[PDB]
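**Student:** A single structure is presented below for examination.
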Amino acid sequence: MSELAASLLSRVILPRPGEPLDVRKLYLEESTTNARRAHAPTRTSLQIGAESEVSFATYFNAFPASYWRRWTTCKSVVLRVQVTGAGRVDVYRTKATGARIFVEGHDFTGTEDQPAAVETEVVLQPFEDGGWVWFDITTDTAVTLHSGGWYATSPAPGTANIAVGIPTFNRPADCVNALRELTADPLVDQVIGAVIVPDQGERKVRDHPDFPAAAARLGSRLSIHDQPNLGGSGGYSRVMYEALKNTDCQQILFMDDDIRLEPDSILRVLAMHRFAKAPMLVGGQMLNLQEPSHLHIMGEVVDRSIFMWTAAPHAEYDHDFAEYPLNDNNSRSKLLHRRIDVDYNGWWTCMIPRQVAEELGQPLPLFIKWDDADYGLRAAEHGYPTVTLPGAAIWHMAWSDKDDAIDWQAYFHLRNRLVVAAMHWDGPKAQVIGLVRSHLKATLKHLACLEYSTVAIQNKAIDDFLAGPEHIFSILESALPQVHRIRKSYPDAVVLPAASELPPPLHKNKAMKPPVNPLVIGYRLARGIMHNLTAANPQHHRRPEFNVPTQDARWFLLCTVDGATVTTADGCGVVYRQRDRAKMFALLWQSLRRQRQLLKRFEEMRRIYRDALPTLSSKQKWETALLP
Amino acid sequence: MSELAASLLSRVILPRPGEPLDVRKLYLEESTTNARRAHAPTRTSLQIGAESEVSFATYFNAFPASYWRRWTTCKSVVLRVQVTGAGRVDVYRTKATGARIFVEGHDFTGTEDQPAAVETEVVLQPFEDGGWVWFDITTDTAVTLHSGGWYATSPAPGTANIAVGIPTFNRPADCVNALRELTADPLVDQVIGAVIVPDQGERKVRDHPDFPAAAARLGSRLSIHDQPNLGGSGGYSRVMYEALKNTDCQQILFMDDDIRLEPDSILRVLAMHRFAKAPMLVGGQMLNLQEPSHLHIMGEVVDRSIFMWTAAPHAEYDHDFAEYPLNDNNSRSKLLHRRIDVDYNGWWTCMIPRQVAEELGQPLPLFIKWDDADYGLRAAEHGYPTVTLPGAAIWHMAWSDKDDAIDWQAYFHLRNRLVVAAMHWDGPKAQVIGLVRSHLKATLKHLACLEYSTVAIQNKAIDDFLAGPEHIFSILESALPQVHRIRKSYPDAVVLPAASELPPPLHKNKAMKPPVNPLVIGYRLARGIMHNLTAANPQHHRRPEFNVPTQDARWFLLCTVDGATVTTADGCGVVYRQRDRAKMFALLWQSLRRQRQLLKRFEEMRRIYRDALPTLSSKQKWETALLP
Amino acid sequence: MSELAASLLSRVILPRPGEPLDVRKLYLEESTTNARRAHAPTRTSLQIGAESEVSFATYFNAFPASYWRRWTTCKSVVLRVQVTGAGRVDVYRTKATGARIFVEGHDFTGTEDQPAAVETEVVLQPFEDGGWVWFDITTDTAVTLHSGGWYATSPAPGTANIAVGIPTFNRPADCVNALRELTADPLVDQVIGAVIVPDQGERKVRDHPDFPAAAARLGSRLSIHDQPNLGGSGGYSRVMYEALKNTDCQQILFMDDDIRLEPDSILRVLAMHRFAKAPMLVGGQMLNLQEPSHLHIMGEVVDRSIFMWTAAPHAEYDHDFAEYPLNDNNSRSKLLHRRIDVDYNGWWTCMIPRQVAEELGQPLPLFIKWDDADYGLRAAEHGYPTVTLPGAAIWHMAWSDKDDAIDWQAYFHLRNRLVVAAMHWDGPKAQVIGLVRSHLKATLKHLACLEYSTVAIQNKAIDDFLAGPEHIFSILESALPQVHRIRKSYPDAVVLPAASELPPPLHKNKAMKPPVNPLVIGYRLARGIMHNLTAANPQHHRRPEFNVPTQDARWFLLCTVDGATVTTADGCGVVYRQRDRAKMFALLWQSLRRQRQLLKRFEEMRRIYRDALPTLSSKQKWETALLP
Ligand SMILES: O=c1ccn([C@@H]2O[C@H](COP(=O)(O)OP(=O)(O)O)[C@@H](O)[C@H]2O)c(=O)[nH]1
Ligand SMILES: O=c1ccn([C@@H]2O[C@H](COP(=O)(O)OP(=O)(O)O)[C@@H](O)[C@H]2O)c(=O)[nH]1
Ligand SMILES: O=c1ccn([C@@H]2O[C@H](COP(=O)(O)OP(=O)(O)O)[C@@H](O)[C@H]2O)c(=O)[nH]1
Ligand SMILES: [Mn+2]
Ligand SMILES: [Mn+2]
Ligand SMILES: [Mn+2]
């Protein structure tokens, strides 16, 4: 018992009372033939009826064996369940193809007075490519699973002193909640030493009514640091800065302020970090906050040849565990059993070892976007891999219709993408053509969609990149206001609350089906080009031709009109997109001029950016933008 | 009652407590409309709720009528169930198309005090092509099925004295368990007279802690015989040798050491043997140990025209009875109602009559593979057919991803295949071209997959075959070490624990979809041939181009690379396959030279092998390799 | 209450205790959401749980409205249910497309002490093309349906005195049972006045042990008449003969001896007959005895243009009410809502009014087959239509794999088909070419399948037809033995118990998939013709090339072989079909010669057959073959 608690890797957890049935599929998967639902008295125990089966082949309770095999020193894991009643524990593993293999099974008989203990040691040898381990319970009489867990065969190396960092910006209510959920589970609280909150917002988290109660439970492990708005980069950079200077914490764990939490997720990541073969970044997955049974992604990489972040080779976005169980014979579920290798983890949950952060230094001053990838790629170049752990997750806001890469962020995508590209493009010379051809495609689509402001702000992006690193650092704060100033000009960047704020449409909308037939995309594009050569009628800038819903607003519909309203992706307003031939060819020329500049000057940008990294990632340099 | 027990063919059995629901579909098939699961107090009884239906149209409890009709003297079978409660027994049969026919039905009323007995005599006449008989129970009040069985209308001929043979090699734990499960059911124990265990391993089954307890229950019906490693052939040959010389047992039942058991399976095979029209080999099916609701195969044959073991005409591998019930209108289930005729049964469970083994003599000294087929084909030539009984099964390890025919065994497949081919090729002359063309295909695929060691050891196989029978017998022990010595050379035959033991791959893996389009297999093969003509870059033998998962590693992916790691089929390690043009054309020439030798010298091999059979299958000759 | 019982059309009936769940779908259709199965205390009552729904949109309990509208004088029907508990009766109708229409609904509250009565009058007006009426029950508290029925709004015209006729031939056990099930329901017993059993068999129904008990319940309403074997024609002719001469029964109801019964079926047919607009034949459907949820057919017609009995225009054989409910949105179920018009009903249950049988006279002396159609077609020509009532059924043996039109019956099909054709071909002259072209197709298929005996006995059929009516009558008894004498010659007509009675096949059977591709049926037929021109190898008449299963034995497989065993359609034996070119061309010539004879002499056969009808259907003439 002394040694048990210090080798626990991940617990068997159940859902809270009154949790939606969709979300319960993350925890336990019950047979539709059982007479009654299973009951979860506490988050660690479960009551099962007589003559019933429940399967723990689930996102939260199954053991992601291949990952432990690959990155940790654990030769084998031990399942321990403590149960009363008569029944059977069946242990299964999978091959990386998803094929389920029955390992061993134990019949038990237990009473509340002499509770039955069931231990099974599963060797991690057969998980080179992938595979999970899990268990089912099948009952003779009624059964209570009092506790269950996956264990290593020796204590966890090192000490567990975690600096939790949570940068906040005008989301006090959410942040106060994140601080509240850290102290929920005693086993997390115990291993938290410091909690850094860089408050970059004008509506402060200290001012909240529920804060004192939340802050009291943390004691003086909590500090709040007021600084200017420096985005993600500045937020997390501050956390690193603090944890390395003002705490002696062995781990730095980046988190977001708008996250729901499964506290065992934190403990699982810590487990892997401590058991790692070599020092490494360890991150958690994100479940979708707005569709909570859905896993966002198993892991991301940066695709060379266009230098663009993307899904890892054998992983698809948005995996609904309620519709596609871990153990189903469907093709989406079969990919989950592969071991996914990432280039970086997102900063919703990402643990960085102390003397690794010290070595890599700070993040790049990118404001938002790409800061996290850069860090992953940088650590990789120093021999510190990143592992995105399955089964260890927080719930975060996804791009569940809500977001887009056409607004002000479109600047920060492109700009930072190039910055990071110069930083890590250790490859062939002629390769940069692939990224610029990549952008030309994007830029033609934008214009075809009448998203003019986007192109403009993207042309500022390429200008700002070409001015170098010294310049990027000085516009950490100034850049955001500058994007907005540019965007005010364009009717397509000015949100209006309703389309009824404008004169009713000339034409009622018609259902125009998505062309995915080769003959039809050829013709719909020809119509697009030719119309786009005619002089735009200005009557259509005063009265929109259509009231376009977000969903229906693609290249093929917008290339025929001169003016139309398009609903913002959140569905909170509309922009009045208005075609103009003169303004478009201008933007198109400026875009062409910048793309030619890029392939001409990229060799040069690699040299000057790589050289400037000790500065850009220095604590000393970040001091002059972080402290008043 | 005196006469009942001695005419019992197969009992109605239920699952153990806490058996997975998947596996219970082997026993009883319940209506999703029943209010509650059915309960199995004992392995022979079942409790059903009021207003409920359960169907015994299942692998274990249905009667494989066509088989009994074909091979046994039974004109009709009698169902006997003993039941309490009010309900109805409905008896069904099938045609060989799967079409279900209702035969008769009996309403019963029984109490525990005056239990109701229900007998139905089903005539076996209408089962020429195939068909099963089974029964359902449908309840008015709650019902208990106290016992149920299929009976012949007269006593079983002969006496039941079974020599059970279990050859073991370094699997003490498993073997001790097999000996334990034989004495489980009293009705099996009663008919076991001897249990021979040839222990060819250096980790002895006697040394096990649980052995004394297991051996005590057998008394002195158990002997253990220490001998050198002589593979399957030597193991089972020893069992035959012992049972014919040192026991007066009427039957010899071959078993494996790594098998879970349904004891009634043993009794069913014995039943058929005793009721046989003429003396015959009777075998049991294998269920998959690692996917326990799945039946491996209904029966195997040796396909003339390539002389290669294969699925019997109307049977497909891997039949999941949980997904495809015996009585479903699906195409996979419809094949189960045909009567499958085999050429041989596997030696997991195969019963050989005493004066049949005496007549046929020993097995061929093949070490592993084909020993069993040869025996089936040999018995066939003497007028002793083999029947693979459905419903009579043990659970055994299948090729559930775990195994492959590319490693050291690839020698023993080819070699023994040819040995056996010479032995039983009573057919046309020019026919041998079909086997050699068969091998040329295989050999080109191997090389294309960079599996060089395979070809090498297969070329030893053809050399060893051509040296004749006298020579094959002397290399019974020496051959295995010799294969390994040859395999050490090739990087593709040397297993390494992880791919991270090697330098990281040059390219990340890309999803390349299986080409089954005629235009695409033509082009993907053209790329294969042409690249395979270019000089291999040696930088790719020092740093692998890919980290290939087993599943993704086929001809079309491996024919483009010069070097890559491929994960072993168990998923326990990786080999570094490395292309070389010079070494390949060498192997290809040596393979071509041997194939030309075969068709030249096969007439000659038939003559010299057939002539040498009295020697190869002699007890006297096997003495000089079995006894120190 | 006085007037209720004499206007009852059909009762709401439930299944017996322990009836299979498949068959219960004929009676009531329960929601999978109900907490418990519904219970049927008695065959007329049903107990439903609280908060549950059951739908009586079922074969047995729904009202076939369109039929009642079309053929009876009933302007409207009345549903009456007597219920306790709180709940709601919902009444629905359908359009002939299957579209369900909600009519009205009644909330009830009843107690056992003051039981609630619910009456709904549904007008039959909107059922021109088809449509059903039914009701569902939906419960608040637990509900008991004590009784339910469909009623006319006035008493039944006429008196109900039914002569039940059951011809038996060597099936004593079955016949004794039919007599037992007539006296089961008191409401059937009451309306049965006589039961005629012509016993044409040598194993007499009187000799049975269970007969005296069965005969006692009938009193002296039962007579048994010994006569020679004169087949169906002679059996039923005898029943007519008796009921018209020796009873004063108002109805004659033909039945079979191998039928399970729903007694309300008898009452429903009687109901319609009594309520008929004009005098008419009224028949019941047949449910499949061996697949009891399956309806054989909604109704049959005689297809002019080939003069061949067939499914009525919008009806398909074999409708499984368990898989396709009356009220499902599937295409098979949608045809059930059309009103099917028949040309005749089968003699399993067919009611003939007294002064209609008197007018039409006896059946034709056809021995078996077509006797029933002829009678339907004859009655039609006199203005007496036939109606096949849905919901009124007996269970009878179908052609559920068991039967075929290639054996001795093949004579009686063709012969009688032509007899009947001459009798009723009131159409165009050149039309007979269509029947003879029809036969040429059949005859070429037979020969291609090596079914030589068939063609031979069919050529006797055409000879016997051409000899005229006077001759057909004299061979009523002699013809059956004569067919057998001819069949003894041919190896394909001699059944052997197993294929193992013959030398094992030269080739093992190969799976040859059904060609339904235009290119492939063209080639598979070309192979057929050309091989069929080569001289047959006689070694293949001594050792069969294959062991062909019934299912796999079609034109495309048999046209390539010279000799093979084919399993009888019951699966009880095999015939050795053996190709011969000399014997085949002979049969083919004799067939061609007869077909030329037919179209030459059909005008002549119409004249001589039609003229001979008063004789063939005379009671006086049938006397000389029915009485010793
Ligand atoms: O003007 C800004 C925009 C965002 N952020 C920070 O950048 C991170 C990511 O931004 P956001 O949450 O709005 O985008 P999301 O994560 O939802 O995609 C957050 O931690 C914010 O604190 C910031 O400091 N200032
Ligand atoms: O080096 C060996 C390899 C195997 N065997 C025997 O050969 C049989 C089949 O081998 P194995 O079980 O390893 O293969 P599998 O049956 O799983 O395919 C077993 O009964 C072993 O006892 C042996 O005696 N020596
Ligand atoms: O040799 C025969 C053959 C049959 N029948 C009668 O013909 C009818 C139909 O024959 P069967 O029942 O054998 O054929 P099925 O109705 O099953 O198709 C039955 O009522 C039999 O009594 C007969 O009298 N003598
Ligand atoms: Mn966020
Ligand atoms: Mn084995
Ligand atoms: Mn019949």
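Our numbering is plain: 1 for the first residue shown, then up by one each step along the chain.
Looking at the header, which is where the method is noted, we find X-ray crystallography, 3.1 Å.
Positions of Cβ are set from backbone N, Cα and C atoms, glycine also.
Straight from Swiss-Prot, here's the annotation block:
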ACT_SITE  A:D372  active site, proton acceptor
BINDING   A:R171, A:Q200, A:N229, A:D256  UDP-alpha-D-galactofuranose binding site
BINDING   A:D256, A:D258, A:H396  Mn(2+) binding site
**Student:** Near ligand 4, which of the recorded positions show up if the criterion is a Cβ under 6 Å from one of its atoms? Options: A:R171, A:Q200, A:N229, A:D256, A:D372.
**Tutor:** A:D256
**Student:** Ligand 1 is in the model; which of the recorded positions A:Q200, A:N229, A:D372 have a C-beta less than 6 angstroms from one of its atoms?
**Tutor:** A:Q200, A:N229
**Student:** I'd like the Cβ neighbour count for A:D256 (UDP-alpha-D-galactofuranose binding site), meaning other Cβ atoms within 10 Å of its Cβ, all protein chains included.
**Tutor:** 22
**Student:** In sequence order, what residues of the same chain, 6+ apart, have a Cβ less than 8 Å from the Cβ of A:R171 (UDP-alpha-D-galactofuranose binding site)?
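**Tutor:** Spatial neighbours, sequence-distant, of A:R171 (UDP-alpha-D-galactofuranose binding site): A:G201, A:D257, A:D258.
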**Student:** Which recorded positions are spatial neighbours of A:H396 (Mn(2+) binding site) here, meaning Cα within 10 Å, out of A:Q200, A:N229, A:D256, A:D372?
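**Tutor:** Near A:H396 (Mn(2+) binding site) by Cα: A:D256.
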**Student:** Taking the Cα atoms as reference points, how far is A:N229 (UDP-alpha-D-galactofuranose binding site) from A:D372 (active site, proton acceptor) in Å?
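**Tutor:** Counting only the Cα atoms, the answer is 18 Å.
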**Student:** Might you list, by sequence position, any residue in that chain lying six or more from the residue listed as 'active site, proton acceptor' with a Cβ less than 8 Å away from its Cβ?
**Tutor:** A:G232, A:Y344, A:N345, A:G346, A:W347, A:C350
**Student:** Here are some binding-site residues: A:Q200, A:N229. Which one has the most Cβ atoms within 10 Å of its Cβ?
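**Tutor:** Buried the deepest by this measure is A:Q200.
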**Student:** Would you count the other CB atoms within 10 A of the CB of A:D258 (Mn(2+) binding site), including those on all shown protein chains?
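**Tutor:** Other Cβ atoms within 10 Å of A:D258 (Mn(2+) binding site): 18.
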**Student:** Have a look around A:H396 (Mn(2+) binding site) and count the other CB atoms within 10 A of its CB, chains all included.
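**Tutor:** There are 21 of them.
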**Student:** Need one number for the UDP-alpha-D-galactofuranose-binding residues A:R171, A:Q200, A:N229, A:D256: the maximum pairwise CA distance in Å, whole number please.
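**Tutor:** That value is 16 Å for the farthest Cα pair.
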**Student:** For Mn(2+), what surrounds A:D256, A:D258, A:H396 with a Cβ no more than 8 Å from their Cβ centroid?
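**Tutor:** The answer, listed by sequence position, is A:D174, A:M255, A:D257, A:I259, A:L289, A:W348, A:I394, A:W395, A:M397.
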